[PDB]
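Novice: Be aware that the first sequence starts at 64, since it is given in the working numbering, and climbs by one per residue. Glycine included, each C-beta is placed from N, C-alpha and C at the ideal position.
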Amino acid sequence: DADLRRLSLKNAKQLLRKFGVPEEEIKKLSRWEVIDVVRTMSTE
DNA sequence: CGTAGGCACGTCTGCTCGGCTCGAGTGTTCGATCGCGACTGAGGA
């Protein structure tokens, strides 16, 4: 979680692109929301 | 010769004691949120 916070908007965006997250969530460009989704995607 | 006064079982009576269940009552542990300070990207001076 702290590691995901360090990940920064640029690399978490690229990770959400890699997992196949839809472009709306990538688009909102909210780092805090993006990390919560990426943590959920990793948990899945 | 007869004829009424003492010995074994059977079943019930009653009290004592020990054990088992069971639920009320009380203390102990552990996840489930609440709040605080802080982390960390973010659009305007």
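Taking a contact to mean a Cβ-Cβ separation below 9 Å, would you say residue 110 touches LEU67 in this structure?
Specialist: No statement about residue 110 is possible, as the shown extent of the chain runs from 64 to 107 and does not include it.
Novice: For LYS90, name the three-state secondary structure that DSSP assigns.
Specialist: helix
Novice: Would you check if the distance between the CB atom of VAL101 and the CB atom of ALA65 is smaller than 9 Å?
Specialist: no
Novice: For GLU107, tell me which candidate among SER93, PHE82, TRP95 and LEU92 has the shortest Cα-Cα distance.
Specialist: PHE82
Novice: Helix or strand or just coil, what does DSSP make of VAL97?
Specialist: helix
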